[PDB]
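Letters go in sequence order (proteins before strands), and every chain restarts at 1. Side chains are part of it too, since the values below use all heavy atoms of this structure and drop only hydrogens, waters and symmetry mates.
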Amino acid sequence: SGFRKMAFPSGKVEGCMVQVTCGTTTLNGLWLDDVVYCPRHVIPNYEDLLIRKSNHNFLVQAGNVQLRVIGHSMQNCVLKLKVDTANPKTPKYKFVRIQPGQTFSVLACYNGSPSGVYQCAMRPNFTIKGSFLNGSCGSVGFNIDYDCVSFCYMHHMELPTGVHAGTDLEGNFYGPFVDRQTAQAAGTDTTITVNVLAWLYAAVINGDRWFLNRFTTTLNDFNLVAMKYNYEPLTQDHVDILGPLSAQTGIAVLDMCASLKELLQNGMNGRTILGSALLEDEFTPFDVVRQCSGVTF
Amino acid sequence: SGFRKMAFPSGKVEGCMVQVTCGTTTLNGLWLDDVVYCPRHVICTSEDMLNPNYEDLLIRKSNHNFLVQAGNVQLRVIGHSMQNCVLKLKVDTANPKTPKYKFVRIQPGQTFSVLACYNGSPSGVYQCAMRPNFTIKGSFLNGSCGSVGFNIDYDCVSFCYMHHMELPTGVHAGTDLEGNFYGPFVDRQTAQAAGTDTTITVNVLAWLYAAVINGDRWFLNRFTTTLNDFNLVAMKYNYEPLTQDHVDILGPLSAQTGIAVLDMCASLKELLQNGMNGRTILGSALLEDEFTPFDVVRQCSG
Ligand SMILES: CCc1cc(Cl)cc(CC(=O)Nc2cncc3ccccc23)c1
Ligand SMILES: [Cl-]
């Protein structure tokens, strides 16, 4: 029993964190094989700024060992520093771009040193509601599938609202953001509907049933109600994804939708679900299965 | 900016997780140097649950009864001893991945990270607080026994918890790494109930200071309170009494934000009286009590 916002074990990613210093800026790098990846803002015309840099300008530190940079290239908003040594601790990895609603773990680092791990969701407005201080740039978001680390995020900046913006590991920003000091605002956020439903299934698996009702709804009637409460549209794909949870608990997806519809129009009435007074949307349907069945890494 | 329930990086602890099998029972072990630590109930049978004699059960075991597996390598048990409710299996190989570590017993209200494992394999990491009733509200399934709670302050891992059992309410009970249970709990399947839980007041206040540091001020009021008047109100809402030690501990946050502890106490008194009124504090509609004053300073400063 129990439901917690659980992150993936961070060990495979900790073995990749390095400190990258260029001039006055110090941030984090992801050392995989003989390449160190980091935000290009460590060096604006970035092609022009990068052509003025030499390999010895970037001081890369892996623990108490200095890595010598033997090349540098830029891919979108990510800087790739070719180093002489391949990271022995390099795990089986992939660079994956995630979609909004998808969750991932963040290993927050300061000076190439991991200090915390937390679980995040890519908001529908493409920002993450992270926890970052100055120096966290280059910190990475990841998932683990079997023994493979899927790197999906690199932290680049904090928006004026305290939310975070970054890129995938190929340097492509999530959201309409740019890596420079200018007026940039996060768009109006919406609730990840499929994730709230998955979390309602997790509450039922944990014995919380007060919100369940005898009613069902059509997907269209649910989406008309969801739109009114700033909830993301629930697609037929989402229903199919929720299928195993629907089968396990005996509550049809449109039947849980009718519970969610009532929860939105009426509220919780001083009641809680999994110790929360808000509807939680940072657990995907897969996260609920993984946590409520026991998958290990 | 931003406030998250953050766990310590689990890598140093992952390098210590092993699988311990004794008969039909398989649980987790913590392999540090040449010793594997695990709950002593790994040696219990079906009829040795209600009233087991662990000294008697352990004397009947030989080193070859304990199958210890570290990854795909079997470790050779060369000795066994029991310290309170933990079993110590001396092995023939010292763990190369053994970090700089300490065994620390924590007090209620204290937080720690839990590395949940099944079959000696880490599957997730989450943040926990030792509840005032000495239970933890964890997320554990069958096979999680032997999973550990820790804090990684600087480069040293302070092991503070080992999971042992789930109480009838879905809450969890375990020991420190010396085998001493937290609370009035025993490793027997006898009727055991967690005591009435209370809110860790000092932690809610620390989290209110975290919200102020993050720009949230709506809950602040023009009032202050005496420590006694605050406790008289706090008790009525099942909040732990706030001691002078707690007031002292909140001192740095009080100095950083400019809000006196008894002033922040009057804000908490009002929040208990009024509720949130459809508002949130740090994205939460409930008062959060699993962030200690030390957690708030570490996350909001470094
Ligand atoms: C009542 C008998 C008993 C006494 C003792 Cl000394 C130990 C256990 C084992 C136990 O509680 N294991 C588990 C841990 N966490 C969560 C669990 C969820 C489901 C099933 C087991 C779970 C059981
Ligand atoms: Cl403590």
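Contact annotation: the side chain of A:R4 approaches that of B:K137 to within less than 4.5 Å [non-hydrogen atoms, C-beta and beyond]. In this structure, A:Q291 and B:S123 have side chains that are not in contact, with every pair of non-hydrogen atoms separated by 4.5 Å or more.
Between A:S131 and B:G2, the shortest heavy-atom contact is OG-O, 3.4 Å. For the residue pair B:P9 and A:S10, the shortest heavy atom distance occurs at CA-OG, 3.3 Å. When all heavy atoms of B:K5 and A:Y118 are compared, the closest pair comes out as O-CB, 3.7 Å.
The part of B:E14 that comes within reach of chain A is its side chain, from C-beta onward, which places non-hydrogen atoms under 4.5 angstrom from that chain. For A:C120, the parts sitting under 4.5 Å from any heavy atom of chain B are the backbone and the side chain alike. In this structure, chain A has a heavy atom under 4.5 Å from the backbone of B:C300, while its side chain stays farther away. For chain A, the nearby part of B:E290 is the side chain; its heavy atoms alone come within less than 4.5 Å. Both the backbone and the side chain of B:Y118 come within less than 4.5 Å of a heavy atom in chain A. The contact between B:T280 and chain A is made entirely by side chain atoms (from C-beta outward), counting heavy-atom distances below 4.5 Å.
The number of heavy atoms from other shown groups lying within 6.0 Å of CD (A:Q265) is above 12. Annotation for B:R217: atom CZ does not count as buried by contact number, only 12 or fewer foreign heavy atoms lying within 6.0 Å. Enclosure of atom NZ in A:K92 is not indicated, since only 12 or fewer non-hydrogen atoms of other residues, nucleotides or ligands lie within 6.0 angstrom. More than 12 heavy atoms of other residues, nucleotides or ligands shown are found within 6.0 angstrom of CZ on A:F173. Atom CG of B:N274 sits in a crowded spot, with more than 12 heavy atoms from other residues, nucleotides or ligands closer than 6.0 Å.
Of the listed residues B:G138, B:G283, B:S1, the one with more heavy-atom pairs under 4.5 angstrom with chain A than any other is B:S1.
In this structure, CE on B:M6 lies 10.0 Å from CG on A:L107, to the nearest 0.5 angstrom.
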